[PDB]
file coords15.tsv (TSV, C-alpha atoms and all ligand atoms)
chain	number	residue	atom	x	y	z
A	91	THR	CA	49.94	1.66	58.17
A	92	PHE	CA	53.30	0.57	59.49
A	93	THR	CA	53.45	-1.64	62.49
A	94	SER	CA	55.44	-0.45	65.54
A	95	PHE	CA	58.22	-2.95	64.82
A	96	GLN	CA	58.40	-1.73	61.18
A	97	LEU	CA	58.56	1.96	62.21
A	98	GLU	CA	61.17	1.11	64.86
A	99	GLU	CA	63.44	-0.61	62.37
A	100	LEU	CA	62.96	2.17	59.81
A	101	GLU	CA	63.88	4.84	62.41
A	102	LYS	CA	66.87	2.85	63.63
A	103	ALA	CA	68.09	2.70	60.03
A	104	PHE	CA	67.41	6.44	59.47
A	105	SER	CA	69.35	7.25	62.65
A	106	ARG	CA	72.41	5.57	61.13
A	107	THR	CA	72.13	7.37	57.76
A	108	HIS	CA	69.54	9.44	56.05
A	109	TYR	CA	70.53	7.84	52.72
A	110	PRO	CA	70.44	4.04	53.15
A	111	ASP	CA	71.54	2.24	50.04
A	112	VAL	CA	69.61	-0.36	48.13
A	113	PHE	CA	71.31	-3.33	49.81
A	114	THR	CA	70.37	-1.91	53.23
A	115	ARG	CA	66.83	-1.19	52.06
A	116	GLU	CA	66.42	-4.72	50.65
A	117	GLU	CA	67.71	-6.31	53.86
A	118	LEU	CA	65.21	-4.20	55.80
A	119	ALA	CA	62.39	-5.19	53.41
A	120	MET	CA	63.10	-8.85	53.98
A	121	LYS	CA	63.40	-8.52	57.72
A	122	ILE	CA	60.31	-6.38	58.35
A	123	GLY	CA	57.86	-7.73	55.80
A	124	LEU	CA	57.46	-4.64	53.56
A	125	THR	CA	58.57	-4.07	50.00
A	126	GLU	CA	61.81	-2.25	49.34
A	127	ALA	CA	59.78	0.25	47.31
A	128	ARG	CA	57.52	1.13	50.26
A	129	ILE	CA	60.62	1.48	52.47
A	130	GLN	CA	62.42	3.60	49.83
A	131	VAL	CA	59.49	6.01	49.65
A	132	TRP	CA	59.35	6.18	53.44
A	133	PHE	CA	63.01	7.30	53.49
A	134	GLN	CA	62.37	9.87	50.69
A	135	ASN	CA	59.34	11.20	52.58
A	136	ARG	CA	61.20	11.38	55.91
A	137	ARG	CA	64.06	13.26	54.19
A	138	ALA	CA	61.53	15.74	52.79
A	139	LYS	CA	60.03	16.25	56.28
A	140	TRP	CA	63.57	16.77	57.69
A	141	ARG	CA	64.50	19.38	55.06
A	201	CL	CL	61.52	0.58	43.52

call {"tool": "encode", "arguments": {"input": "coords15.tsv", "output": "structure tokens"}}
result
Amino acid sequence: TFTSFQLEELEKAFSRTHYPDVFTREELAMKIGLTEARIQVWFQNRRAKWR
């Protein structure tokens, strides 16, 4: 389960764009201590919820 700081950073990124690119995702992964793959799936899943 995501920590609060991880979810906060993920939502801040999503609020800038629903389609963050791989460079943005990788920078997030490094900063927040998750893999880029986990973060990528989170964005896919949040886009599916939005649609
Ligand atoms: Cl991947």

call {"tool": "residues_near_ligand", "arguments": {"input": "coords15.tsv", "ligand": "ligand CL 201 (chain A)", "cutoff": "10 Å", "atoms": "only C-alpha atoms and all ligand atoms", "output": "PyMOL selection string"}}
result
chain A and resi 112+125-131

call {"tool": "write_last_selection", "arguments": {"input": "coords15.tsv", "atoms": "C-alpha atoms", "output": "JSON list (two decimals), in the frame of the given file"}}
result
[["chain", "number", "residue", "atom", "x", "y", "z"],
["A", 112, "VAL", "CA", 69.61, -0.36, 48.13],
["A", 125, "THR", "CA", 58.57, -4.07, 50.00],
["A", 126, "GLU", "CA", 61.81, -2.25, 49.34],
["A", 127, "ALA", "CA", 59.78, 0.25, 47.31],
["A", 128, "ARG", "CA", 57.52, 1.13, 50.26],
["A", 129, "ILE", "CA", 60.62, 1.48, 52.47],
["A", 130, "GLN", "CA", 62.42, 3.60, 49.83],
["A", 131, "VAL", "CA", 59.49, 6.01, 49.65]]

call {"tool": "atom_distance", "arguments": {"input": "coords15.tsv", "atom1": "CA of residue 98 (chain A)", "atom2": "CA of residue 134 (chain A)"}}
result
16.7 Å

call {"tool": "closest_residue", "arguments": {"input": "coords15.tsv", "among": "A:108, A:114, A:141, A:123", "to": "residue 96 (chain A)", "atoms": "only C-alpha atoms"}}
result
A:123

call {"tool": "residues_around", "arguments": {"input": "coords15.tsv", "residues": "residue 103 (chain A)", "least_positions_apart": "3", "cutoff": "12 Å", "atoms": "all atoms listed in the file", "output": "list in words"}}
result
residues 96, 97, 98, 99, 100, 106, 107, 108, 109, 110, 111, 114, 115, 117, 118, 119, 129, 130, 132, 133 and 136 of chain A

call {"tool": "atom_distance", "arguments": {"input": "coords15.tsv", "atom1": "CA of residue 122 (chain A)", "atom2": "CA of residue 95 (chain A)"}}
result
7.6 Å
